[PDB]
Amino acid sequence: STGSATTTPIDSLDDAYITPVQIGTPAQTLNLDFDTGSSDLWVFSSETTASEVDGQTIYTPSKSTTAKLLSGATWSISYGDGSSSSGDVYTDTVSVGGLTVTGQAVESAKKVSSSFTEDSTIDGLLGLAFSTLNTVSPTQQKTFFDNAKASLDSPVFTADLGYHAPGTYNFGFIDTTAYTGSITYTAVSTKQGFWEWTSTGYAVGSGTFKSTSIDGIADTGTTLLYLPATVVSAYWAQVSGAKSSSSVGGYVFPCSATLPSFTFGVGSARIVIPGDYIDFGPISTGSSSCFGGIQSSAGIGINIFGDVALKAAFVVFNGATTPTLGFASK
């Protein structure tokens, strides 16, 4: 089997991408944030505290003839940005782009933190990291990809995120028309439960490539590119007037600036992030200070190749017995 679904930016900045997912019988379609940095499929639901729902579409398990309470199971998750959610668990039929999994754990939120409530466009998350990170207790549950894997034509999924435009998540096949050149594959460590890999270096604009190992994670659920402070300083030094602002929470730059590109290495190959992709717009409405899309990871504990980086590439998440990542230009 295969599946193919369009993913759409939630706003004009590409802050996140939503993909429609069919849950239950008859189908209830929710727009989920596919997150290669986590491993829970959780949804706003008929059980979510009413004051914490503000415009989201909810899953109502009592209206699904295939839903079953997973007795005793609870979940609770906290994300790198400080947001969180928790609740109980149902199993139900879940379909993405024509690919169907029966018996998928659907984690129903009883509580969500304010950042989720305040974003009416995201109805939940669909985790695509390794199932060892799934938070369901006392019996850990498998991700949608893990459950689908054996049925897929090939045990892979691909992320093709758009810049200010829709893109595609495919399951079970690699669309050879969706990229240019060849795909360069690189080794993955699953020791932390992430799609963790080592970039071979970087360049700023037309500058020389610096060969240096940068370990990090491929995370579709993080907006920006978080890298070591040395690398980030070298980037913003090429933008007149750019500076790190403790009050704003990162590097800002004059909105009148033209930003240089940023290249990262994948083995001997190179992925170029155009300068435009690094502009996240005014810090507040009407401001002439703009927020940068490359930020320091120093306070995180891990480097994160988020959407800023991933949307410059066609990305293969190869879930074979020994997983690997592939990157192609597009």
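Note that chain A carries Swiss-Prot numbering, so the residues on display, from first to last, are 90-419.
Going by what the header records, the deposited coordinates were determined by X-ray crystallography, 1.1 Å.
The backbone N, Cα and C atoms fix where each Cβ goes, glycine too.
Swiss-Prot annotations:
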| type | residues | note |
| --- | --- | --- |
| DOMAIN | 106-417 | domain 'Peptidase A1' |
| ACT_SITE | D124 | active site |
| ACT_SITE | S288 | active site |
| DISULFID | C344-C379 | disulfide bond |
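Nearest to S288 (active site) in space, judged by Cα atoms and limited to the recorded positions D124, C344, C379, is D124.
Non-local neighbourhood of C344 (disulfide bond): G370, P371, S376, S377, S378, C379, each in the same chain, at least six residues away, with C-beta under 8 Å from its C-beta. Over all protein chains present, the Cβ of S288 (active site) has 22 other Cβ atoms lying within 10 Å.
On its own chain, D124 (active site) has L214, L215, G216, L217, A218, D308, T309, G310 as residues at least 6 apart in sequence with a Cβ closer than 8 Å to its own Cβ. Under the DSSP three-state reduction, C344 (disulfide bond) is assigned to coil, being neither helix nor strand. Just so you know, the Cβ of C379 (disulfide bond) picks up 22 other Cβ atoms within 10 Å once every protein chain is counted. The DSSP secondary structure for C379 (disulfide bond) is strand.
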